[PDB]
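The file upload_38.tsv comes next; it holds TSV, C-alpha atoms.
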```tsv
chain	number	residue	atom	x	y	z
B	1	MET	CA	-12.43	4.81	18.48
B	2	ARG	CA	-10.47	3.08	15.74
B	3	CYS	CA	-7.27	3.18	17.80
B	4	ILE	CA	-9.03	2.17	21.00
B	5	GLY	CA	-10.34	-0.93	19.26
B	6	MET	CA	-6.88	-1.94	18.14
B	7	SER	CA	-4.88	-4.52	20.07
B	8	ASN	CA	-1.57	-3.03	18.97
B	9	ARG	CA	-1.58	0.43	20.48
B	10	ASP	CA	1.43	2.38	21.82
B	11	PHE	CA	1.19	5.29	24.26
B	12	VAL	CA	3.91	7.87	23.78
B	13	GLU	CA	4.59	11.11	25.65
B	14	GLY	CA	7.31	13.75	25.45
B	15	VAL	CA	9.63	14.04	28.47
B	16	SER	CA	10.36	17.64	27.50
B	17	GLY	CA	8.51	20.67	26.13
B	18	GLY	CA	8.66	21.78	22.52
B	19	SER	CA	10.90	18.76	22.02
B	20	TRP	CA	10.59	16.04	19.39
B	21	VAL	CA	8.85	12.79	20.30
B	22	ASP	CA	9.70	9.56	18.50
B	23	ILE	CA	7.12	6.98	17.46
B	24	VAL	CA	7.15	3.81	15.39
B	25	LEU	CA	4.38	3.27	12.84
B	26	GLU	CA	3.32	-0.19	11.64
B	27	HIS	CA	0.43	-1.52	9.51
B	28	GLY	CA	-2.39	-2.67	11.75
B	29	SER	CA	-1.21	-0.71	14.77
B	30	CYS	CA	-1.68	2.80	16.06
B	31	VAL	CA	0.14	5.18	18.33
B	32	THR	CA	-1.48	7.59	20.76
B	33	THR	CA	0.52	10.65	21.77
B	34	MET	CA	-0.08	12.88	24.76
B	35	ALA	CA	1.40	16.06	26.19
B	36	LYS	CA	0.58	18.62	28.86
B	37	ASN	CA	-2.01	21.10	27.56
B	38	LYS	CA	-1.98	19.52	24.11
B	39	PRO	CA	-4.63	17.36	22.51
B	40	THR	CA	-4.08	13.64	22.40
B	41	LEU	CA	-3.54	12.37	18.86
B	42	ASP	CA	-3.81	9.00	17.11
B	43	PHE	CA	-1.41	7.96	14.35
B	44	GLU	CA	-1.83	5.11	11.88
B	45	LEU	CA	0.09	4.05	8.79
B	46	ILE	CA	-2.67	2.78	6.47
B	47	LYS	CA	-1.08	2.55	3.02
B	48	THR	CA	2.34	1.91	1.49
B	49	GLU	CA	2.46	1.87	-2.29
B	50	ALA	CA	4.94	2.33	-5.11
B	51	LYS	CA	3.82	4.87	-7.71
B	52	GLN	CA	4.86	4.40	-11.33
B	53	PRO	CA	7.97	2.24	-10.70
B	54	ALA	CA	10.41	1.73	-13.59
B	55	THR	CA	9.39	-1.01	-16.03
B	56	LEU	CA	12.31	-3.37	-16.58
B	57	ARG	CA	11.13	-5.80	-19.25
B	58	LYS	CA	7.91	-6.78	-21.01
B	59	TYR	CA	7.51	-10.50	-21.66
B	60	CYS	CA	5.13	-11.84	-24.26
B	61	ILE	CA	3.28	-14.95	-22.99
B	62	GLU	CA	0.89	-15.56	-25.87
B	63	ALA	CA	1.17	-14.78	-29.56
B	64	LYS	CA	-0.20	-15.37	-33.01
B	65	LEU	CA	1.46	-15.75	-36.42
B	66	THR	CA	0.35	-14.35	-39.76
B	67	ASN	CA	1.72	-13.99	-43.30
B	68	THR	CA	4.13	-16.90	-43.19
B	69	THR	CA	6.42	-16.70	-46.24
B	70	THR	CA	9.01	-19.08	-47.64
B	71	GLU	CA	11.90	-18.63	-50.07
B	72	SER	CA	14.53	-21.16	-51.13
B	73	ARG	CA	17.42	-21.55	-53.58
B	74	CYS	CA	19.00	-24.47	-55.42
B	75	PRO	CA	22.26	-26.12	-54.40
B	76	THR	CA	25.14	-23.84	-55.45
B	77	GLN	CA	23.30	-20.51	-55.48
B	78	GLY	CA	23.92	-19.16	-51.99
B	79	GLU	CA	21.61	-18.20	-49.12
B	80	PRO	CA	18.14	-16.95	-50.09
B	81	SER	CA	16.63	-13.91	-48.44
B	82	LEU	CA	13.38	-12.11	-47.79
B	83	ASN	CA	13.15	-8.38	-47.16
B	84	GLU	CA	10.75	-8.96	-44.27
B	85	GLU	CA	13.82	-10.53	-42.69
B	86	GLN	CA	14.64	-6.86	-41.98
B	87	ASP	CA	11.22	-6.11	-40.47
B	88	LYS	CA	11.51	-6.43	-36.69
B	89	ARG	CA	7.92	-7.72	-36.41
B	90	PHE	CA	8.83	-11.04	-38.06
B	91	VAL	CA	10.43	-14.21	-36.75
B	92	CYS	CA	12.62	-15.97	-39.30
B	93	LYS	CA	14.87	-18.99	-39.58
B	94	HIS	CA	17.48	-20.10	-42.08
B	95	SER	CA	17.86	-23.78	-42.94
B	96	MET	CA	18.97	-26.22	-45.62
B	97	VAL	CA	16.65	-28.61	-47.44
B	98	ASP	CA	17.12	-31.26	-50.13
B	99	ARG	CA	16.46	-29.99	-53.66
B	100	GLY	CA	16.59	-31.52	-57.14
B	101	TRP	CA	14.90	-32.09	-60.50
B	102	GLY	CA	11.61	-32.79	-58.79
B	103	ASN	CA	11.36	-29.24	-57.51
B	104	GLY	CA	12.98	-27.00	-60.08
B	105	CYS	CA	16.72	-27.45	-59.56
B	106	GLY	CA	19.40	-28.59	-61.97
B	107	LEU	CA	21.45	-30.37	-59.30
B	108	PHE	CA	20.48	-32.68	-56.48
B	109	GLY	CA	21.83	-31.47	-53.16
B	110	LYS	CA	21.12	-29.24	-50.19
B	111	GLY	CA	19.70	-25.80	-50.88
B	112	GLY	CA	19.18	-22.72	-48.77
B	113	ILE	CA	15.69	-21.98	-47.50
B	114	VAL	CA	14.31	-19.19	-45.32
B	115	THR	CA	10.90	-18.70	-43.70
B	116	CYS	CA	9.37	-15.72	-41.91
B	117	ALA	CA	6.09	-15.12	-40.14
B	118	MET	CA	4.74	-11.92	-38.63
B	119	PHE	CA	4.76	-12.25	-34.84
B	120	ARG	CA	1.84	-10.62	-32.99
B	121	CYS	CA	1.83	-10.67	-29.19
B	122	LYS	CA	-1.67	-11.11	-27.74
B	123	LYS	CA	-0.96	-11.19	-24.00
B	124	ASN	CA	2.14	-10.07	-22.12
B	125	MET	CA	3.35	-9.56	-18.58
B	126	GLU	CA	5.76	-6.96	-17.21
B	127	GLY	CA	8.20	-6.91	-14.34
B	128	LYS	CA	8.87	-3.65	-12.54
B	129	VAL	CA	11.61	-2.38	-10.27
B	130	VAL	CA	10.50	-0.68	-7.06
B	131	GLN	CA	12.86	2.00	-5.74
B	132	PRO	CA	12.89	2.55	-1.95
B	133	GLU	CA	12.43	6.22	-2.74
B	134	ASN	CA	9.28	7.16	-4.65
B	135	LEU	CA	7.48	4.80	-2.26
B	136	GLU	CA	4.51	6.63	-0.78
B	137	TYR	CA	3.26	6.10	2.77
B	138	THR	CA	-0.21	7.24	3.83
B	139	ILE	CA	-0.62	8.27	7.46
B	140	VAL	CA	-3.79	9.30	9.23
B	141	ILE	CA	-3.58	11.66	12.19
B	142	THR	CA	-6.82	11.57	14.18
B	143	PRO	CA	-7.63	13.91	17.10
B	144	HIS	CA	-8.52	11.84	20.21
B	145	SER	CA	-11.61	13.82	21.17
B	146	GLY	CA	-14.34	11.24	21.49
B	147	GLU	CA	-16.72	13.31	19.32
B	148	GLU	CA	-19.37	11.35	17.41
B	149	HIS	CA	-20.31	10.20	13.93
B	150	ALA	CA	-21.84	6.64	13.18
B	156	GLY	CA	-17.26	14.44	8.38
B	157	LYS	CA	-14.76	13.99	11.20
B	158	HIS	CA	-11.91	12.19	9.43
B	159	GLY	CA	-8.40	12.48	10.77
B	160	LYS	CA	-6.04	14.41	8.52
B	161	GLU	CA	-4.59	12.16	5.85
B	162	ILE	CA	-1.07	12.92	4.63
B	163	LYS	CA	1.11	11.21	2.02
B	164	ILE	CA	4.87	11.36	2.20
B	165	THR	CA	7.98	10.00	0.47
B	166	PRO	CA	11.42	9.26	1.89
B	167	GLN	CA	12.42	12.23	-0.27
B	168	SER	CA	9.74	14.69	0.85
B	169	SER	CA	10.58	17.31	3.48
B	170	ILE	CA	9.21	17.73	7.00
B	171	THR	CA	5.43	17.78	6.95
B	172	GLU	CA	3.23	20.38	8.61
B	173	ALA	CA	-0.22	18.84	8.97
B	174	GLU	CA	-3.20	20.97	9.86
B	175	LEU	CA	-5.80	19.56	12.23
B	176	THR	CA	-8.99	21.61	11.96
B	177	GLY	CA	-9.49	23.23	15.31
B	178	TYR	CA	-6.19	22.36	17.00
B	179	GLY	CA	-3.47	23.87	14.85
B	180	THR	CA	-0.77	21.93	13.03
B	181	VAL	CA	1.49	19.05	13.93
B	182	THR	CA	4.93	18.75	12.39
B	183	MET	CA	6.51	15.41	11.62
B	184	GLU	CA	9.21	13.70	9.56
B	185	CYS	CA	9.56	10.03	8.73
B	186	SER	CA	12.15	7.52	7.60
B	187	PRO	CA	11.40	4.19	5.86
B	188	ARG	CA	13.70	2.70	8.47
B	189	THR	CA	14.19	-0.94	7.50
B	191	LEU	CA	12.05	-3.81	2.86
B	192	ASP	CA	14.32	-4.89	-0.02
B	193	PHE	CA	14.28	-3.89	-3.71
B	195	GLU	CA	17.85	-6.95	-6.12
B	196	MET	CA	14.27	-8.09	-6.65
B	197	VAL	CA	11.52	-7.54	-9.22
B	198	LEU	CA	7.74	-7.29	-9.24
B	199	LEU	CA	6.00	-9.41	-11.87
B	200	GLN	CA	2.59	-8.34	-13.14
B	201	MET	CA	0.32	-10.90	-14.84
B	202	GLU	CA	-2.88	-9.03	-15.58
B	203	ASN	CA	-3.61	-7.08	-12.38
B	204	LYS	CA	-2.13	-9.80	-10.17
B	205	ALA	CA	1.48	-9.36	-9.05
B	206	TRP	CA	4.33	-11.25	-7.38
B	207	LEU	CA	7.75	-10.38	-5.97
B	208	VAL	CA	10.44	-12.37	-7.79
B	209	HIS	CA	14.24	-12.47	-7.70
B	210	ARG	CA	16.17	-10.84	-10.53
B	211	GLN	CA	18.30	-12.92	-12.91
B	212	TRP	CA	15.37	-15.33	-12.86
B	213	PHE	CA	13.05	-12.78	-14.39
B	214	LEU	CA	15.86	-11.85	-16.79
B	215	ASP	CA	16.43	-15.50	-17.69
B	216	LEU	CA	12.83	-16.32	-18.55
B	217	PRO	CA	12.70	-17.99	-22.00
B	218	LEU	CA	10.04	-15.77	-23.52
B	219	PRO	CA	9.97	-12.99	-26.10
B	220	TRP	CA	10.61	-9.59	-24.49
B	221	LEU	CA	11.09	-5.88	-25.06
B	222	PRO	CA	13.21	-3.33	-23.19
B	223	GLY	CA	11.12	-1.57	-20.55
B	224	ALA	CA	11.09	1.86	-22.23
B	225	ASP	CA	9.12	0.63	-25.25
B	226	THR	CA	5.71	1.59	-26.60
B	227	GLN	CA	5.72	0.00	-30.04
B	228	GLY	CA	5.15	-3.44	-28.56
B	229	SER	CA	6.14	-4.96	-31.89
B	230	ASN	CA	9.92	-5.53	-32.09
B	231	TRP	CA	10.09	-8.52	-29.73
B	232	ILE	CA	13.41	-10.12	-28.82
B	233	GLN	CA	13.91	-13.90	-29.05
B	234	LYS	CA	10.53	-14.69	-30.59
B	235	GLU	CA	11.78	-18.20	-31.38
B	236	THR	CA	10.99	-18.99	-27.76
B	237	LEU	CA	7.28	-19.11	-28.70
B	238	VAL	CA	7.81	-20.29	-32.25
B	239	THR	CA	8.63	-23.64	-33.75
B	240	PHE	CA	9.81	-24.18	-37.29
B	241	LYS	CA	8.90	-27.64	-38.61
B	242	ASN	CA	11.33	-29.50	-40.87
B	243	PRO	CA	11.35	-27.65	-44.19
B	244	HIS	CA	10.32	-28.89	-47.62
B	245	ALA	CA	11.79	-27.94	-50.99
B	246	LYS	CA	9.65	-24.79	-51.32
B	247	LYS	CA	7.55	-24.41	-48.16
B	248	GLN	CA	7.92	-24.77	-44.43
B	249	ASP	CA	5.36	-24.66	-41.65
B	250	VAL	CA	5.69	-22.50	-38.57
B	251	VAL	CA	3.56	-22.93	-35.45
B	252	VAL	CA	3.44	-20.92	-32.27
B	253	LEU	CA	3.29	-22.41	-28.77
B	254	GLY	CA	0.10	-21.94	-26.82
B	255	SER	CA	-0.41	-19.37	-24.06
B	256	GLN	CA	2.08	-19.57	-21.21
B	257	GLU	CA	-0.07	-17.78	-18.64
B	258	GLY	CA	-0.75	-21.18	-17.10
B	259	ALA	CA	2.82	-22.44	-17.23
B	260	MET	CA	3.67	-19.16	-15.52
B	261	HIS	CA	0.99	-19.24	-12.80
B	262	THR	CA	1.72	-22.76	-11.60
B	263	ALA	CA	5.39	-21.71	-11.80
B	264	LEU	CA	5.10	-18.72	-9.46
B	265	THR	CA	3.46	-20.71	-6.66
B	266	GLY	CA	5.73	-20.15	-3.66
B	267	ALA	CA	6.94	-16.61	-4.33
B	268	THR	CA	5.42	-13.90	-2.12
B	269	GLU	CA	2.25	-12.59	-3.74
B	270	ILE	CA	1.89	-8.80	-3.83
B	271	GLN	CA	-1.45	-7.04	-3.58
B	272	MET	CA	-2.21	-4.08	-5.84
B	273	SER	CA	-4.85	-1.72	-7.20
B	274	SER	CA	-5.19	1.07	-9.75
B	275	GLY	CA	-2.02	-0.31	-11.29
B	276	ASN	CA	-0.06	0.50	-8.15
B	277	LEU	CA	1.69	-2.13	-6.03
B	278	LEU	CA	1.01	-2.21	-2.29
B	279	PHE	CA	3.28	-3.27	0.53
B	280	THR	CA	3.21	-3.40	4.29
B	281	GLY	CA	5.65	-0.64	5.20
B	282	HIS	CA	7.51	0.24	8.39
B	283	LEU	CA	8.12	3.82	9.51
B	284	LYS	CA	10.02	5.70	12.20
B	285	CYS	CA	8.90	9.28	12.69
B	286	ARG	CA	9.51	12.25	14.94
B	287	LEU	CA	6.86	14.85	15.64
B	288	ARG	CA	6.63	18.22	17.36
B	289	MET	CA	3.47	19.64	18.97
B	290	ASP	CA	4.52	23.22	19.69
B	291	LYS	CA	1.95	24.40	17.13
B	292	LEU	CA	-0.95	22.34	18.53
B	293	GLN	CA	-3.38	23.60	21.12
B	294	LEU	CA	-6.58	22.46	22.79
B	295	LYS	CA	-9.79	23.02	20.83
B	296	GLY	CA	-12.28	24.74	23.09
B	297	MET	CA	-10.24	26.44	25.77
B	298	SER	CA	-12.05	29.48	27.18
B	299	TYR	CA	-15.55	28.04	27.44
B	300	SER	CA	-17.75	27.61	30.48
B	301	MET	CA	-17.59	24.64	32.88
B	302	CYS	CA	-20.83	22.75	32.12
B	303	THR	CA	-23.16	23.38	34.99
B	304	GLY	CA	-25.79	20.68	34.47
B	305	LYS	CA	-26.56	16.95	34.00
B	306	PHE	CA	-25.40	13.83	32.21
B	307	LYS	CA	-26.96	10.43	31.77
B	308	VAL	CA	-24.48	7.67	31.02
B	309	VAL	CA	-25.74	6.71	27.55
B	310	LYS	CA	-24.95	3.03	28.09
B	311	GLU	CA	-22.72	0.45	29.81
B	312	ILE	CA	-19.27	1.80	30.66
B	313	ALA	CA	-16.74	-0.07	28.55
B	314	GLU	CA	-13.32	-1.54	29.33
B	315	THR	CA	-10.70	-1.30	26.61
B	316	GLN	CA	-7.77	-3.59	25.91
B	317	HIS	CA	-5.49	-0.92	27.37
B	318	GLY	CA	-6.29	-0.45	31.03
B	319	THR	CA	-8.67	2.34	30.16
B	320	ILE	CA	-12.39	3.00	30.05
B	321	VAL	CA	-14.77	4.69	27.61
B	322	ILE	CA	-17.67	6.54	29.25
B	323	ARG	CA	-20.52	7.76	27.02
B	324	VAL	CA	-22.41	10.74	28.44
B	325	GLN	CA	-24.79	13.36	27.12
B	326	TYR	CA	-25.88	16.66	28.63
B	328	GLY	CA	-28.60	18.98	30.27
B	329	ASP	CA	-28.31	22.61	31.61
B	330	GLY	CA	-25.91	24.46	29.35
B	331	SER	CA	-23.86	25.82	26.50
B	332	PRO	CA	-21.80	23.54	24.24
B	333	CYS	CA	-19.42	23.20	27.23
B	334	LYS	CA	-16.37	21.77	28.96
B	335	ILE	CA	-17.23	18.83	31.18
B	336	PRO	CA	-15.99	18.37	34.63
B	337	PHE	CA	-14.23	15.03	34.67
B	338	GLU	CA	-12.17	13.86	37.56
B	339	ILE	CA	-11.14	10.47	38.92
B	340	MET	CA	-10.49	10.47	42.66
B	341	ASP	CA	-10.15	7.99	45.50
B	342	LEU	CA	-13.07	6.54	47.48
B	343	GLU	CA	-12.78	9.50	49.82
B	344	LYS	CA	-12.75	12.09	47.05
B	345	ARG	CA	-9.60	13.59	48.63
B	346	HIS	CA	-6.90	13.30	45.96
B	347	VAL	CA	-6.92	13.04	42.17
B	348	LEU	CA	-6.01	9.68	40.68
B	349	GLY	CA	-5.74	8.36	37.13
B	350	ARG	CA	-5.90	10.62	34.06
B	351	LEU	CA	-7.77	11.42	30.88
B	352	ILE	CA	-6.73	10.19	27.44
B	353	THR	CA	-9.55	12.33	26.02
B	354	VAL	CA	-8.51	15.81	27.03
B	355	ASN	CA	-10.65	18.92	27.53
B	356	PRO	CA	-13.70	16.75	26.87
B	357	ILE	CA	-16.56	18.91	25.66
B	358	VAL	CA	-20.20	18.79	24.58
B	359	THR	CA	-21.16	20.11	21.14
B	360	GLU	CA	-24.88	19.39	21.21
B	361	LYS	CA	-27.77	18.66	23.54
B	362	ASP	CA	-28.27	14.90	23.19
B	363	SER	CA	-24.94	14.17	21.52
B	364	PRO	CA	-23.23	11.13	23.11
B	365	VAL	CA	-19.78	12.36	24.07
B	366	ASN	CA	-17.51	9.35	24.43
B	367	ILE	CA	-14.65	9.84	26.89
B	368	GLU	CA	-11.63	7.56	27.30
B	369	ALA	CA	-9.94	7.69	30.66
B	370	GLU	CA	-7.40	5.76	32.65
B	371	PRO	CA	-8.60	4.84	36.18
B	372	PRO	CA	-5.93	3.99	38.75
B	373	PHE	CA	-5.61	0.36	39.75
B	374	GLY	CA	-8.11	-0.72	42.36
B	375	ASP	CA	-10.97	1.52	43.54
B	376	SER	CA	-11.83	5.02	42.34
B	377	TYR	CA	-14.74	7.44	41.92
B	378	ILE	CA	-15.52	8.73	38.46
B	379	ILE	CA	-16.89	12.21	39.09
B	380	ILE	CA	-18.67	13.58	36.01
B	381	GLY	CA	-20.38	16.96	36.29
B	382	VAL	CA	-21.31	19.49	38.95
B	383	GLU	CA	-23.44	20.18	42.06
B	384	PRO	CA	-27.04	19.26	41.24
B	385	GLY	CA	-25.98	15.69	40.52
B	386	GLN	CA	-22.15	15.38	40.39
B	387	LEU	CA	-22.08	11.80	39.00
B	388	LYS	CA	-20.23	9.50	41.42
B	389	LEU	CA	-19.58	6.25	39.54
B	390	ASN	CA	-17.62	3.58	41.42
B	391	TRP	CA	-14.95	1.73	39.49
B	392	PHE	CA	-12.62	-1.16	40.14
B	393	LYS	CA	-9.67	-1.80	37.85
B	394	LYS	CA	-8.28	-5.35	37.99
```

Representation of the structure as structure tokens:
Amino acid sequence: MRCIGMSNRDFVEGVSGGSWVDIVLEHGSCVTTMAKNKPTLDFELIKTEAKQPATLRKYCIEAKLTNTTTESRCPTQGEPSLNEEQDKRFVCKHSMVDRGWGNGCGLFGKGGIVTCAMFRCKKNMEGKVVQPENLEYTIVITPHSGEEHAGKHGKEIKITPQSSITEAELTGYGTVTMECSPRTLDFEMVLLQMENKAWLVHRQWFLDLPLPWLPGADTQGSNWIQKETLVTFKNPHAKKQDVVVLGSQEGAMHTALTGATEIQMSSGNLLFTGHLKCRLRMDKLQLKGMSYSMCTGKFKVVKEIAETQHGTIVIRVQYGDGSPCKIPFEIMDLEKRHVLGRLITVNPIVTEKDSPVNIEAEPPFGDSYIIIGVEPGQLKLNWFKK
């Protein structure tokens, strides 16, 4: 039903036997395939996500400062130093400040001063690089049977442009074999993540951001590069100097990303709307239910016959005199002389007594008789397709 209710639906059929059939899969669309003596199948590409893409750079957007320490020397005695100036967790600056008798020096003149503060990142963002490969497309292959629910999921399969040809098993019908190509999606770009919300941004812009950062392959999260971007050193004084850190930049960032394509995501994974080209073979598929009896009984059209968006109809029917059986469906002319139209639901069958068995069929254009059932009450339903 899902595919029948979709506006974007392609009908594909193989012009050969045992041959490959090509189909194009898109998000929000579905493809229905058919073949002589083979079940009709529905294909849909539902998910396209990058799994664990390489982290390029972590940017700190909010930090705190602690243990600020100052050291300074008198004019003439060289550049002062602090050992924490060797500790990668600190931000430091070297400057010159006036000195003299008033603050412990013999000479009046400029002296060397140095100040360091431990830098602690409190909130960061990270940009990742999505490789075309390692992208994972989820495709659902549903048997077009018409059976009911309200336990019958189509087979779900996940593939990668690097995975080999897939052999998907469809309970009851065999297996279907298919291969796909991510046939034209770009990735010199980058995906920025600001706390579970992501964006697609151009490179060299991400790399130019004036914020403290760390090479992607880090785990310490301490040795930030260019911390001065979030730190300001006030003018020094003879023996002390103040250091203040800018406020969070989450906001400056947000109202800075407006415009760039926003990217959905979940469970840490990024999601995209992919495009696939696939080829499938049905030589290993077969009809579920062949070798049954031809229902010899009655059906009551459950409700109003429905018209789909694809020149087809969906007739609900429920047995009646018999085994879980094949159904006699047949669309003929007003005279019941020749067969017209065709079934999209193939080898339609009943599993239970009082089990609405939906059936999608394609009536020819104009007038036709929809003959459901056999000789007690073969169900002649008139139909006009405009």

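Candidate residues B:193, B:20, B:212, B:11 were compared for distance to residue B:289, and the nearest is B:20, using all atoms listed in the file.
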
| said: Tell me which residues come within 8 Å of (-8.9, 0.3, 13.8), as JSON, numbers by chain, counting all atoms listed in the file in the file's coordinates. | reply: {"B": [1, 2, 3, 4, 5, 6, 28, 29, 30]}

| request: For residue B:300, work out the shell of residues within 9 Å, counting only C-alpha atoms and skipping chain neighbours fewer than 5 positions away, then give it as a list in words. | output: residues 330, 331, 332, 333, 334 and 335 of chain B

| task | Please provide the set of residues having any atom within 12 Å of residue B:83, restricted to all atoms listed in the file, with same-chain residues fewer than 6 positions apart removed, written as a ChimeraX atom specification. | result | /B:69-71,89-90,92,114-116

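Between atom CA of residue B:205 and atom CA of residue B:218 there is a distance of 18.0 Å.
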
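Within the 10 Å cut-off around residue B:52, using all atoms listed in the file and omitting residues fewer than 6 positions from it on the same chain, the listed residues are residues 128, 129, 130, 134, 135, 275, 276 and 277 of chain B.
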
| message | When you look at stretch 391-394 of chain B with a cut-off of 6 Å (counting all atoms listed in the file), what residues show up, excluding the ones that are within fewer than 3 positions of it in the same chain? I need them as number ranges by chain. | response | B: 373-376

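Distance check against residue B:287 using all atoms listed in the file: of B:377, B:43, B:119, B:59, the minimum falls on B:43.
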
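For the residues B:189, B:37, B:145, B:316, ranking by smallest atom-to-atom distance to residue B:25 using only C-alpha atoms places B:189 first.
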
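Comparing the minimum interatomic distances between residue B:179 and each of B:162, B:292, B:196, B:252, counting all atoms listed in the file, we find that B:292 sits nearest.
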
| request: Identify, on the basis of all atoms listed in the file, every residue whose closest approach to residue B:319 does not exceed 7 Å; exclude the query and any residue fewer than 4 positions from it along the same chain; express the result as a PyMOL selection string. | output: chain B and resi 314-315+368-371

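Distance-wise, atom CA of residue B:13 and atom CA of residue B:34 end up 5.1 Å apart.
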
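Residue nearest residue B:285, chosen from B:109, B:266, B:166, B:258 and counting all atoms listed in the file: B:166.
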
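Here atom CA of residue B:367 is placed at a distance of 24.8 Å from atom CA of residue B:288.
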
| remark: The residue from B:141, B:125, B:175, B:308 with the smallest atom-to-atom distance to residue B:387, counting only C-alpha atoms, is B:308
